[PDB]
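Q: Please read through the structure below; I'll follow up with questions.
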C-alpha cells in the first residue's frame, strides 16, 4: 500500500505549494514556498487516492475549501470540500470541476495564500507537477 507522491509548484512563480505544519496536525493552512531537498519535502509532495482524492505524502490528509482560505484536514464523507482532484496542471474541487486552486493576488510573492476559483486560464492559475 505504497502510492506515489509528487511535487506541486506554481508554473508562474516557480515555487512549490506547502502546508504550514508538516505533520498530521489538522487545520494547517496552505501556501506557496521555495522547494526544499531532504526528508522535509513531503510537505510539498502529494499523491492521488484510489478514489481520485489527493492526499499529501505526509499522511492520509486532504485539503478542504470550507473556509475562505484553503486548509488541510482529515477526509470527511459528508464534506464535499475535502476531496480534490488533479486536472492536467491544476487542482480542481470534486463537487466543482469549474473550481480550481489558484495563487492569491496572482503575484510572484512567495508564501502567498491560495484558494479555489473559477478557471479563467490566468497564468496565476498555472501549476507544475513533478512525480518525485
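Q: Looking only at segment 98-121, which residues are in contact (Cβ under 8 Å) with a residue 24 or more places away in the chain and assigned to a strand (DSSP E or B)?
A: Result: 99, 100, 101, 103, 113, 114, 115, 116.
Q: Which of (1) more than 20 Å from residue 117 (Cα to Cα); (2) out of contact with any helix residue (DSSP H, G or I) (no Cβ under 9 Å at 6 or more places or on another chain) does residue 71 not meet, given it meets every other one?
A: Going through (1) more than 20 Å from residue 117 (Cα to Cα); (2) out of contact with any helix residue (DSSP H, G or I) (no Cβ under 9 Å at 6 or more places or on another chain) one by one, residue 71 breaks only (1).
Q: What number of residues in segment 23-43 are in contact (Cβ under 8 Å) with a residue 40 or more places away in the chain, surrounded by 15 or more Cβ atoms within 10 Å (Cβ to Cβ) and within 16 Å of residue 130 (Cβ to Cβ)?
A: Of the residues in that region, 2 qualify.
Q: Another one. Starting from residues that are outside any strand (DSSP E or B) and in contact with a strand residue (DSSP E or B) (Cβ under 8 Å, 6 or more places away or on another chain), keep the ones in segment 81-97 and report whichever is surrounded by the fewest Cβ atoms within 10 Å (Cβ to Cβ).
A: This residue is 97.
Q: I would also like to ask the following. All but one of (1) touching a residue at least 24 places away in the same chain (Cβ under 8 Å); (2) surrounded by 15 or more Cβ atoms within 10 Å (Cβ to Cβ); (3) touching a strand residue (DSSP E or B) at 6+ places or on another chain (Cβ under 6 Å) hold for residue 20, so report the exception by its number.
A: (1)
No Cβ is skipped: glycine too gets one built from the backbone with ideal geometry, and neighbour counts run over all protein chains shown. No lab work stands behind these numbers, since they all come straight from the coordinates.
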